[PDB]
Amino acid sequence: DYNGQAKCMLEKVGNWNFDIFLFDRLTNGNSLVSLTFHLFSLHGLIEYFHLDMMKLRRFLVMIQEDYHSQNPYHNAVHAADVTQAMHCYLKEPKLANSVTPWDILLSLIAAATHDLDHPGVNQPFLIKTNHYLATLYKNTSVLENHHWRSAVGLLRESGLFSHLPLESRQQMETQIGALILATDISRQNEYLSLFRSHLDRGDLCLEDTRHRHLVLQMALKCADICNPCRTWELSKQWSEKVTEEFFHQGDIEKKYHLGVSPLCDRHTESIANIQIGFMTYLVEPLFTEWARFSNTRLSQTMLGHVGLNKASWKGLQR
């Protein structure tokens, strides 16, 4: 029965109300591999790049298995969700009419690997505990650099693009890296201001690769924080999961006298308040600029869901 209904759900992979949780349940935890394999096929990439499907499945599996399923939030299902959202944005007319198969290929791989091997604790925690990653990357986008170099290790190991020129492989690594690093939420002000200027100037030229890759970076930043732009039933689950993971980092900081990070203290913070401030200060500003770039039904739908989800969280207060 379950393999049947999964196939059926994928017919609706371009829907904003896709249900990634049911999809992962139906596939016995195989959502990222199964979703992304399908999108590679849907976007024609297996033919366009003469990909061996056996190596494709192996690469996708090494990615999926390199997420920590025991993280409440940062696991392969969040990756699969971000990949499905990215696919919806690639379908928006300004992207659909300018992106190349190569852009589509990098965007999906970057979405799929953007949180690879995430340890379930944030950058200030890794820095203050002297984790080896923080030294390796000199305290700068420590997580994102880790996800990226981990992704480059899987690309090399899989041999999936071994038949393409070395220079193409290197460029793939570099452009994926610029996409993943854009997901460092602590640098949102820099990406959002740059984006907002171009949008004020009206100077973006989507047949220019540099401009188009800045837009793709904005698209991936959207995909990564679009949980509140989903339906209430989806958004509620993501908010519980994200909060569980934050509160767990707080319990460790409390137990070991590490200093409790903002948002991680279960005794002074609530799920509702955490969501409301996140929506006001990070989600709405990004999605309002995004809706100026791509002024479509999808962008309105996304922003209506934020307004609605925000009223729900206020409702659940006093």
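Start at 1 with the first residue shown and count on from there.
Chemist: Given the B-factors recorded for C-alpha atoms, which segment has the greater mean, 28-36 or 266-274?
Modeler: Between 266-274 and 28-36, it is 266-274.
Chemist: Per the entry, where is the mean C-alpha temperature factor higher: 2-10 or 309-317?
Modeler: If you average the C-alpha B-factors of 2-10 and of 309-317, the larger mean comes out for 2-10.
Chemist: Name the residue from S162, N145, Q84, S107 with the greatest C-alpha temperature factor listed in the entry.
Modeler: When the deposited C-alpha B-factors of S162, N145, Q84, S107 are compared, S162 is largest.
Chemist: Maximum C-alpha temperature factor per the entry, among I176, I127, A80, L166, belongs to which one?
Modeler: Highest C-alpha B-factor among the listed options: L166.
Chemist: State the tercile, meaning the lowest, middle or highest third, of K91 with respect to the CA B-factors recorded for its chain.
Modeler: Its C-alpha B-factor, which the entry lists for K91, ranks in the highest third among residues of this chain.
Chemist: Pull the Cα B-factor of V283 out of the PDB entry and bin it into the chain's lowest, middle or highest third.
Modeler: Answer is lowest: the recorded C-alpha B-factor places it there.
Chemist: Would you mind ranking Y137 by its C-alpha B-factor against the rest of the chain and naming the third, lowest, middle or highest?
Modeler: According to the entry, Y137 has a C-alpha B-factor in the chain's highest third.
Chemist: For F195, does the deposited CA B-factor place it in the lowest, middle or highest third of the chain?
Modeler: It belongs to the middle third of the chain when residues are ordered by C-alpha B-factor.
Chemist: Pull the Cα B-factor of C222 out of the PDB entry and bin it into the chain's lowest, middle or highest third.
Modeler: Answer is lowest: the recorded C-alpha B-factor places it there.
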